[PDB]
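Just below is one structure, and these are the notes that go with it.
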Amino acid sequence: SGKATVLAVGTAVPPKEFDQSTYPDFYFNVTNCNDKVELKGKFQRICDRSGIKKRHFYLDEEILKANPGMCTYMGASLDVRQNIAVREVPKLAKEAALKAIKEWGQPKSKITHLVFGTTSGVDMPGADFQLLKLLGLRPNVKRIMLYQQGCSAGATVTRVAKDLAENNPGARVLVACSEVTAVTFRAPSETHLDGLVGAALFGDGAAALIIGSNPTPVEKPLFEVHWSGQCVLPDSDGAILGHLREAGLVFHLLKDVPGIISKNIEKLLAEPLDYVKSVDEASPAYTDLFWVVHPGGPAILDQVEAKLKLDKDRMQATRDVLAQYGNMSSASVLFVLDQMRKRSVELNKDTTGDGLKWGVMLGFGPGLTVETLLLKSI
Amino acid sequence: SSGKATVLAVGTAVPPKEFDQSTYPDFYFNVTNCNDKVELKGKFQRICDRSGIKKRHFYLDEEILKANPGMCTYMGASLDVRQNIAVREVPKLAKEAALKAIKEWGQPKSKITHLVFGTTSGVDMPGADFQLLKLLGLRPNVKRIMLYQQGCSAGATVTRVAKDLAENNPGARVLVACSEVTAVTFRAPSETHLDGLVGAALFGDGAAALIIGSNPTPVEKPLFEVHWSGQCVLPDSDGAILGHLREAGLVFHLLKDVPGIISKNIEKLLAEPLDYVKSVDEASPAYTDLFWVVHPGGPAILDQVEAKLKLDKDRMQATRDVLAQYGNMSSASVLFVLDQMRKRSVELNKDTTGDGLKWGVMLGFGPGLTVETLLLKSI
């Protein structure tokens, strides 16, 4: 009743596909690191257990050859990374946005708010402004531009949109997350082994939603957002650091993120399940919920699945996104939301959430920060 | 009339070192080794002399600049040392402001439920919001919104964001902070970058914090209510302000008449919030019947808006006082003006917190050209 509702989802990826099985060959070739045979072997093994079949990239051999700073480990390179990301991030968002707007079916003049998330470059005016212009939205659309957010921002932009939609009668919020690995790509190094993780997992993509309260008869609800929270997990300081430098964006991984999340997930879920108890007067098991999880990597999914004793199918929508697109940072969990709905059609589910009533949407990022949302299916 | 997001506290902070504007050109051309640029210095002196600024506060000083020579060049690679400074000092200055706001508010910091942080000065992961959360020892489940690379309009933006947070979440108490340090923008003057002289003359450091919530309790003390908020891109303003983050730091380019564009459109911008006032009060105030909390972007914007709207000269005085004592502190500035408005209401024995008037306008502006407009009610 009046809850923020997802009315549409659209997604977009760069056209060029890179098969994960042969990515180590491409990567070590273009960075001129073929002499590092033991490192390449390590990287091949990481790629082989990544759960990824392919990723999509704007970057290719020609672009990297034209910008050799990007093929170094820590050579000066921010200016060319910015040139690419400032241009390509809004363009990829536009493609996702148009697909969401088509599904929604209303004129784009009815969009009142725009929330844009990215970790891929920064500019003034921001990507939100560029998207507003590219789409021809009204000049008085209220924008929130979330830069440098990291992997939790897909969930963050949904949390932000919830309050926009619920507190403003008639509001229709365009949410967009768009990520391009131009700012993080770099040569592999024996001195930066944690960098191999990002190099194996991160891919490009954008996703867009329309969110609003009080759907009209011609709108078609997909999910309702009933509860949202954000929290810093205990004993996680410095788990993920991301520094924007003259060499681009560099990540440092100093703790066991899968373990930390798994250790704390039951605690995380107590408040939203308490809310369900309030509304239903029942306590579902974790495996009675559907799951829309940031596909950060296979270990997080496996360990959460094990911790919460989920039926193997519960993580399938998330694993499917990982398989086809990899980890697209902020956009990823919105791809999972779309995949959840898509599988409900193809597998003839009773609801948009795997035939179940309540669902958990999870994003995580530097902090270590977890974003948790409680969804209801339609 | 009930339930509106309400400002419950304001606190501000600036770096301790004061730089007198009269002699800033001497300091600036000296530390950047540009004393041979006598005509350019002449120009900069003129710009400083008409800027409406008496002093600015800076973290940067001669010692730090001599230790980081890349920052004393025009476009030399220097982002890494600039980031080192900004990522450290921005949350620290915010903490000082936030502690002052929290004192005024008078409630335990465990009652803060949300944090909105705005800056244009550096970026990091985790963000400055996380750093402030940790510095203050707030609860780990405070809901944060981190607004980076925002520009001058973000004082108003964080207020707009906090309004929906406060209003849609019963009991919510939102800590808002904006903090700016000129480490990412300081650079040598150049005859090839004349628009750069404007920022060099105007930008200063500072931080401001608010507590915002709906439904104040009897032990809280409301200052202002936020009744209406809007954001708009002005026509014919494309490329007016561009800000690019490069290996040389943050570089601004100015390509149009910002005060002119704002003045041409300000009556139109104000139609919607004035129609809200008419809906609540059944009457239509003149512009000069409102109080004014305006981003002190520079003297020309204030002069031209004053003239266009036929404001009594006192209406812009809170804004001009901030410009005089602190310069343009980008996003934090308009929140200093809000504090100054309240401060002058006490010392000048005004009937309300907004210059003795009922309704007021809060304006921020930045790249787009984007204008943020909020309608305030005094207490």
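Observations on the structure shown:
- At 0.692 mPa s and 37 °C, Stokes diffusion of chain B via Kirkwood alpha-carbon radius, µm² per second: 157
- For region B:1-222, the Cα gyration tensor yields ellipsoid semi-axes of 37, 18, 14 Å (square root of five times each eigenvalue, largest first, whole Å).
- Placing +1 on each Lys and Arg Cβ and -1 on each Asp and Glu Cβ, with no other charges, gives region A:222-378 a dipole about its Cα centre of roughly 200 debye.
- Debye, to nearest 20: dipole size of the protein assembly as shown, +1 on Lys, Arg Cβ, -1 on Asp, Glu Cβ: 700
- Signed unit charges on C-beta, dipole axis of the protein assembly as shown, positive-most listed residue B:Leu369, B:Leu138, B:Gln45: B:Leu138
- The mean count of C-beta atoms from other chains within 10 Å of the C-beta of residues in B:231-242, rounded to a whole number, is 3.
- Packing-based ranking of B:251-264, B:332-345 yields B:332-345, B:251-264, ordered from highest to lowest mean Cβ neighbour count within 10 Å.
- Region B:223-379 - Rg over Rh from alpha carbon coordinates, Kirkwood radius: 0.98
- For the protein assembly as shown, calculated [θ]222 nm from helices alone, where every DSSP H run of n ≥ 4 adds -39500 (n - 2.57): -12000 deg cm²/dmol
- Kirkwood estimate for region B:78-130, i.e. one over the average of 1/r between Cα atoms, Å: 12.4
- Semi-axes of the equivalent ellipsoid for the protein assembly as shown, Cα gyration tensor, largest first, Å: 41, 33, 22
- Which listed pairs, of A:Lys312/B:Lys163; A:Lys133/B:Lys134; A:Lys133/B:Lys313; B:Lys92/B:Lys343; B:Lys37/B:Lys268; B:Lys41/B:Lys268, have C-alpha distances above 32 Å, in listed order: A:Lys312/B:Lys163; A:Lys133/B:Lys134; A:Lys133/B:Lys313; B:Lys37/B:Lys268; B:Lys41/B:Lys268
Note: ideal-geometry Cβ built from the backbone for every residue, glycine included; neighbour counts use all protein chains shown. Any read-out appearing in this document is the output of simple, stated calculations on the displayed coordinates, not a laboratory observation.
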